[PDB]
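Visitor: Provided hereafter are the protein sequence and its experimental coordinates.
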Amino acid sequence: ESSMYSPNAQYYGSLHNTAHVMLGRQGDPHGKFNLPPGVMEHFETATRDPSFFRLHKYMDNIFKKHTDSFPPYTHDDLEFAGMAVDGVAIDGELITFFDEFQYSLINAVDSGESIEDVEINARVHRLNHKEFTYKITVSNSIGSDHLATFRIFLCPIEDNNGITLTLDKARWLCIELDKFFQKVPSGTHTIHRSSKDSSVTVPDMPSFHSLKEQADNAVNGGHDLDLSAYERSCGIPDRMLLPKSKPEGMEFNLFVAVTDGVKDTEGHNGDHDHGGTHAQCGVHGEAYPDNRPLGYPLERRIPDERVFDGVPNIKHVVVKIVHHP
Amino acid sequence: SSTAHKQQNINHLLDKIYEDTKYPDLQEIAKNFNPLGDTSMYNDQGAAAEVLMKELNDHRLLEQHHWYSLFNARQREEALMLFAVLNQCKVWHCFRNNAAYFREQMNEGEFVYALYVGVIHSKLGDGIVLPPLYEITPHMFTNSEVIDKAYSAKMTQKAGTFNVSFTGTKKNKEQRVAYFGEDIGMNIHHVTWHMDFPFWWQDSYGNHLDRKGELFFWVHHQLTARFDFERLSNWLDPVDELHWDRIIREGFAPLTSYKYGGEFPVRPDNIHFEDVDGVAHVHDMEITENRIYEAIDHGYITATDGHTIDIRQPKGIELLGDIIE
Ligand SMILES: *[C@@H]1O[C@H](CO)[C@@H](O)[C@H](O)[C@H]1NC(C)=O
Ligand SMILES: [Cu+2]
Ligand SMILES: [Cu+2]
Ligand SMILES: [Mg+2]
Ligand SMILES: [Mg+2]
Ligand SMILES: [Mg+2]
Ligand SMILES: [O]
Ligand SMILES: [O]
């Protein structure tokens, strides 16, 4: 990155952070023009720049050489004994669209001494999607109910040239859609999971105006302020859960891995509240609740798809996403 | 000397063009006919036949079973010597007998070319339909893989029909529009236009080709515009223009072969033009280009003695086609 956890910054330096600055300053690399830092030199702005993603794919491939170095998982590595994913389905169509969102620009303008404010807003078009529900039918043939981790990814089927991807060629392109822990009772049952409850996403933030209104009303009235329903600001926006896709529709693989929750959450309790954004943002003030490597079970090479196809607790199905322009 | 007999004669002459003729009548003619025996059959009283026979007798003609290119100056000159003889024949028996005689003496590529333009540009050819060149010389229209299956079908003496796929791979975005330039009929359109309107035409051959230089502009403008419409249909940008001082971005592997001469050469992506020994320096192309643009921007073409030929007039585009081709 590097962080202050680095055991040896004198030798390994700070590749990623220095690269942000190197790229950010390429419009004035020697300081001759008195230009300020580039958008790459702020986390507020860095993803605006196309080169952000070329830099971060470069970095991602460094990590990938490490994750590719381990032995591929075996059947016995992956099998959650007695747990079968019988079916994966979605209630509701997968549809994306653009809608409108407003925020205030008042803090950006200069206020006169004893002249009144005026409302000044920006209106942006943002991606969004309709709500839907996963229906994951699992058969628990162990003699008792068992905690399970449900891991949900969206994976490409074909590339931009229309070439069908192998699982090994798809896995590093998959995007995480959800991760949750749930007790699976003995027998066959369909687990229902709302898109709105994804542990990858969080809602749009409440406005400054709304926070002022609520705090002022509580302080002025002597009432307690309860903002506990508000989620953290770390997490993919709910509205961006799905890729835009195309008006004509695109097909993707919806990948579901159901893994041993007692093992995955050992030491972190499978009954405890892990918040709304634990997949990538962790749990505020707590250890990370999933002991598995980030990306499990897609983070190792899969040279032989037969291994995954023979694991009953893994299943993928084709879904279609349509963009409504 | 009727259309049925003339068509059959042409059919026979073009049959199995890489081997000595299998028709007893044509073998007899090739053995016994003397192109110089009765000069009263020619409009030039044998002048063209004398030129070709001298070249033949001096062992100066291209051997059979050898590649032929119309752009090769000496090979073109040899083909045109046979064209010149056919073009002088007053009656069909002269045309047929000379064709049969020189079929067995001259390179097959030169012969096919001369016979086609001879039929097209002689009144004796009226009413004849030339077979498609993709069946007379299939190597020039068929990728090497399919020819090999044909060679295999012949080696094994088994009939078959073999599927031709377009060149390249799906990773090659240019393959998206291969159905345009690789269409066998589009190839016949192109060769036939140039057979109808050849750059080597001189009006001493018997007539003038009206507006040829402007039609040269137009037919190629339409090929270019039609190709770009296919690119637009396949989510591709228009073609760039070539420039002598910039790289040719898109390379090409034809995956095709000559019957004699080997595989057609490949061009890698992103190459700069190099001088071609015996043809021209890249710089010569730039100078030639500059001189043409000088005429366009002057509004006149400069004659050999320096006097001006006005092109600010409807025939200017035709004169430009004359000097550009
Ligand atoms: C060739 O194409 C035809 C139809 O286009 C098809 O019936 C046949 O299966 C193809 N042959 C091979 C070997 O793919
Ligand atoms: Cu970064
Ligand atoms: Cu042409
Ligand atoms: Mg959430
Ligand atoms: Mg297996
Ligand atoms: Mg040679
Ligand atoms: O970043
Ligand atoms: O970052």
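Guide: Received it, and whenever you're ready, just let me know what you need. Numbering: from 1, shown residues only, chains lettered A, B, ... in the order given. Ligands and ions are numbered 1, 2, ... in the order given.
Visitor: Count the residues that sit near residue B:303.
Guide: 9 (other CB atoms under 10 Å in any protein chain shown). In this view, the C-beta of every residue, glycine as well, is placed from N, C-alpha and C.
Visitor: and if you look at residue A:93?
Guide: 13.
Visitor: and residue A:90, helix, strand or coil?
Guide: Look at residue A:90: counting by DSSP: H, G, I helix; E, B strand; the rest coil, its state is strand.
Visitor: What residue spans form the domains of chain B?
Guide: B:1-166, B:167-325 (curated CATH domains).
Visitor: Residue A:114 is nearest to which of the ones you listed?
Guide: Residue A:114 lies closest to domain B:167-325 among the domains of chain B, at 57.9 Å (CB to CB).
Visitor: residues from the stretch 51-200 of chain B in reach of chain A?
Guide: Residues of the stretch 51-200 of chain B lying near chain A by CB under 8 Å from any CB of the partner chain: B:170, B:171, B:173.
Visitor: tell me the contacts of the last one?
Guide: Pointing back at residue B:173 there. A:161, B:236 (CB atoms under 8 Å, 6 or more residues apart in numbering or on different chains).
Visitor: I'd like the distance between it and ligand 5.
Guide: 37 Å (CB to the ion, to the nearest Å).
Visitor: Quickly note the distance from that residue to residue A:163.
Guide: Counting by CB to CB, to the nearest Å, the separation of residue B:173 from residue A:163 is 12 Å.
Visitor: any idea which of the domains of chain B is most buried?
Guide: domain B:1-166 (a mean of 17; mean count of other CB atoms under 10 Å in any protein chain shown).
Visitor: Next, residue 86: secondary structure please.
Guide: Because you didn't say which chain, this covers chain A. strand.
Visitor: Might one say that it is in contact with residue A:138?
Guide: Yes - the pair residue A:86 and residue A:138 qualifies as a contact (CB atoms under 8 Å) at a distance of 6.5 Å.
Visitor: neighbour count winner among the two?
Guide: Neighbour count, other CB under 10 Å: between residue A:86 and residue A:138, residue A:138 has more, with 26 against 13.
Visitor: and of the domains of chain B, who's closest to residue A:215?
Guide: domain B:167-325 (52.0 Å).
Visitor: Distance from that closest one to the middle of the chain?
Guide: Distance of domain B:167-325 from its chain centroid, counting by CA atoms, centre = their mean, to the nearest Å, is 14 Å.
Visitor: State the distance spanning the first to the last residue of it.
Guide: 29 Å (CA to CA, to the nearest Å).
Visitor: Next, whichever residue of chain B sits closest to ligand 5: phi, psi?
Guide: Minimum separation of chain B from ligand 5 (CB to the ion) falls at residue B:170, amounting to 30.4 Å. Torsion angles at residue B:170 (phi, psi; degrees, to the nearest 10) stand at phi -70, psi -20.
Visitor: List the residues that contact it.
Guide: A:161, A:162, A:163.
Visitor: Common neighbours of residue A:86 and residue A:138, please.
Guide: Common neighbours of residue A:86 and residue A:138 are listed as residue A:188 (criterion: CB under 8 Å, 6+ apart).
Visitor: On the three-state scheme, the closest residue to residue A:270 other than its chain neighbours is what?
Guide: In space, residue A:270 comes closest to residue A:147 once its chain neighbours are excluded; the distance is 4.3 Å by CB to CB, 6 or more residues apart in numbering or on different chains. Secondary structure for residue A:147, judged by three-state DSSP, is strand.
Visitor: tell me the secondary structure for the closest residue to residue B:214 other than its chain neighbours?
Guide: Distances taken as CB to CB, 6+ apart place residue B:318 nearest to residue B:214, at 4.1 Å, with adjacent residues excluded. What three-state DSSP gives for residue B:318 is helix.
Visitor: Can you verify my assumption that residue B:318 contacts residue B:213?
Guide: Yes - if you go by CB under 8 Å, residue B:318 and residue B:213 touch, sitting 4.2 Å apart.
Visitor: for ligand 5, what are the nearby residues on chain A?
Guide: A:75, A:307, A:310, A:311 (CB under 5 Å from the ion).
Visitor: Filter these down to the buried ones, ChimeraX style.
Guide: Burial among the residues of chain A next to ligand 5 is assessed by 16 or more other CB atoms under 10 Å in any protein chain shown; the matching ChimeraX selection reads:
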select /A:307,311
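Visitor: Determine which two of the residues of chain A next to ligand 5 are furthest apart.
Guide: Farthest pair in the residues of chain A next to ligand 5, by CB to CB: A:307 and A:311, 7.2 Å.
Visitor: Can you check which helix is longest in chain B?
Guide: Longest helix in chain B by number of residues (criterion: DSSP state H): helix B:212-233.
Visitor: tell me the contacts of residue 27?
Guide: No chain specified, so I'll use chain A. A:33, A:35, A:38.
Visitor: hm, I was asking about chain B
Guide: If you count contacts by CB under 8 Å, 6+ apart, residue B:27 has them with B:20, B:21.
Visitor: could you check the distance from it over to residue A:33?
Guide: According to CB to CB, residue B:27 stands 85 Å off from residue A:33.
Visitor: circling back to that earlier point, out of the contacts of residue A:27, who's the most crowded?
Guide: residue A:38 (20 neighbours).
Visitor: which residues does the nearest residue to it once chain neighbours are set aside contact?
Guide: Excluding the flanking residues, the one nearest residue A:38 by CB to CB, 6+ apart is residue A:24, at 3.2 Å. Neighbouring residues of residue A:24 by CB under 8 Å, 6+ apart: A:37, A:38, A:39, A:40, A:41.
Visitor: for residue B:61, same thing?
Guide: In this structure, residue B:61 makes contact with B:55, B:78, B:105, B:106, B:107, B:110, judged by CB under 8 Å, 6+ apart.
Visitor: CA atoms of stretch A:238-253 as PDB?
Guide: Taking C-alpha atoms only, stretch A:238-253 is exported to PDB below (Å, rounded to 0.1, in the frame of the first residue of the first chain):
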ATOM      1  CA  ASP A 238     -26.900   0.100  -3.000                       C
ATOM      2  CA  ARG A 239     -27.800   1.700  -6.300                       C
ATOM      3  CA  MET A 240     -24.600   0.300  -8.000                       C
ATOM      4  CA  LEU A 241     -25.000  -3.300  -6.800                       C
ATOM      5  CA  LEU A 242     -25.500  -4.400 -10.400                       C
ATOM      6  CA  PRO A 243     -23.500  -3.500 -13.600                       C
ATOM      7  CA  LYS A 244     -25.400  -1.300 -16.000                       C
ATOM      8  CA  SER A 245     -25.700  -4.100 -18.700                       C
ATOM      9  CA  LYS A 246     -27.200  -3.400 -22.100                       C
ATOM     10  CA  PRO A 247     -30.800  -2.400 -23.300                       C
ATOM     11  CA  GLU A 248     -30.800  -5.700 -25.300                       C
ATOM     12  CA  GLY A 249     -30.000  -7.600 -22.100                       C
ATOM     13  CA  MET A 250     -26.800  -9.400 -21.100                       C
ATOM     14  CA  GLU A 251     -26.400 -12.900 -19.500                       C
ATOM     15  CA  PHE A 252     -24.100 -13.500 -16.500                       C
ATOM     16  CA  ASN A 253     -23.300 -16.400 -14.200                       C
END
